[PDB]
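Heads up, the chain below is alone and in the form deposited without 2-oxoglutaric acid (AKG); it's given as structure tokens.
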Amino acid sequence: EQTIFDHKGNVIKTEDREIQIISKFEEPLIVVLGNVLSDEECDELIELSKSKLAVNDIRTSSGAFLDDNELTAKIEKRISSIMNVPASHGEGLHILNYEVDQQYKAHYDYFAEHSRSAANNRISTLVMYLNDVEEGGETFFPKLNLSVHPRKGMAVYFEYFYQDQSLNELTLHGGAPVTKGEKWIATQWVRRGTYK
């Protein structure tokens, strides 16, 4: 019933950037956000991931974990304002990329009840689109019949810390195949308690 995300109105004023609230799906809460990252910040995250990863599935699963520097600290501070959870609960920015004919099957961001990580589980996600995708790559929620299309600098926030578990399961989401171009995203996954 109550959400972690606690922002009314049309903008979120962070210390260094005014974020636009574009659309909300109210329960489970999914929010499309504009002006989250500058174009330069998007390009820098992509550059850092290419440098960090210089036959696994890192690019499409766990993501390139960026080493802490001022850029990551700056962005993590901003997104802590958006998500209403301290950056100390975040896993840190992870960069994923999908080429033509790559996708991800619909899944939950939270860990399974049996899981090693389930004792301090994820509670919310921010997905930041780092580039424009020529065709495909939408983030889709199949139990809600909702999709969000990539747009450079925008993001989708969603949360899954409800007492009613069915609300958490409604956040099942996949990445539709890229059919032209490429898709780059950054994620911040945040835990219930502090992380590392």
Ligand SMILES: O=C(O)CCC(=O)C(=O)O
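Residues carry their position along the shown sequence, with the first being 1.
Chemist: Answer with none, 1 to 3, 4 to 9, or 10 or more: how many deposited residues between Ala54 and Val55 are not present in the coordinates.
Modeler: Count of unmodelled residues in between: 4 to 9.
Chemist: Report the stretch with the higher mean CA temperature factor, choosing between 94-102 and 113-121 on the basis of the entry.
Modeler: Higher of the two, by average CA B-factor, is 113-121.
Chemist: Comparing 59-67 with 139-147, where is the mean C-alpha B-factor higher?
Modeler: 59-67 has the higher mean C-alpha B-factor.
Chemist: Take the CA temperature factors straight from the PDB entry and tell me which of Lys24, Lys183, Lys13, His173 peaks.
Modeler: Out of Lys24, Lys183, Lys13, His173, the record gives the largest C-alpha B-factor to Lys13.
Chemist: Going by the recorded CA B-factors, say which third of the chain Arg192 sits in, lowest, middle or highest.
Modeler: Middle third by C-alpha B-factor.
Chemist: Can you tell me whether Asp39 has a C-alpha B-factor in the lowest, middle or highest third compared with the other modelled residues of the same chain?
Modeler: Middle third - that is where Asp39 ends up once the chain's C-alpha B-factors are sorted.
Chemist: According to the PDB entry, is the CA B factor of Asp132 in the bottom, middle or top third of its chain, that is, lowest, middle or highest?
Modeler: Ranked within chain, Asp132 CA B lands in the middle tercile.
Chemist: Considering only modelled residues of the same chain, in which third does the CA B-factor of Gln165 rank: lowest, middle or highest?
Modeler: For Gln165, whose C-alpha B-factor we compare with every modelled residue in the chain, the answer is the highest third.
Chemist: If you rank the chain by CA B-factor, which third does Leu48 end up in: lowest, middle or highest?
Modeler: Top third by C-alpha B-factor.
The following text describes the form solved in complex with 2-oxoglutaric acid (AKG), which does not appear among the structures shown.
Chemist: Looking at 69-77, 112-120, 82-90, 98-106, which lies within 4.5 angstroms of 2-oxoglutaric acid (AKG) in the deposited bound form, counting heavy atoms?
Modeler: Contact criterion met by 98-106 only.
Chemist: Which residue among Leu45, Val36, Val127, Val31 has a heavy atom within 4.5 angstroms of 2-oxoglutaric acid (AKG) in the deposited bound form?
Modeler: By the 4.5 Å heavy-atom cutoff, the listed residue in contact is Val127.
Chemist: Any of the heavy atoms of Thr139 lying within 4.5 Å of 2-oxoglutaric acid (AKG) in the deposited bound form?
Modeler: Residue-level check for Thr139: yes, a contact with 2-oxoglutaric acid (AKG).
Chemist: Does at least one non-hydrogen atom of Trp189 fall within 4.5 angstroms of 2-oxoglutaric acid (AKG) in the deposited bound form?
Modeler: Answer yes; at least one heavy atom of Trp189 falls within 4.5 Å of 2-oxoglutaric acid (AKG) in the deposited bound form.
Chemist: Would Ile19 count as touching 2-oxoglutaric acid (AKG) in the deposited bound form under a 4.5 Å heavy atom rule?
Modeler: No.
Chemist: For the stretch 165-196, which residues lie within 4.5 Å of 2-oxoglutaric acid (AKG) in the deposited bound form by non-hydrogen atom distance?
Modeler: Counting only heavy atoms within 4.5 Å of 2-oxoglutaric acid (AKG) in the deposited bound form, the contacting residues of 165-196 are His173, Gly174, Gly175, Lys183, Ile185, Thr187, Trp189.
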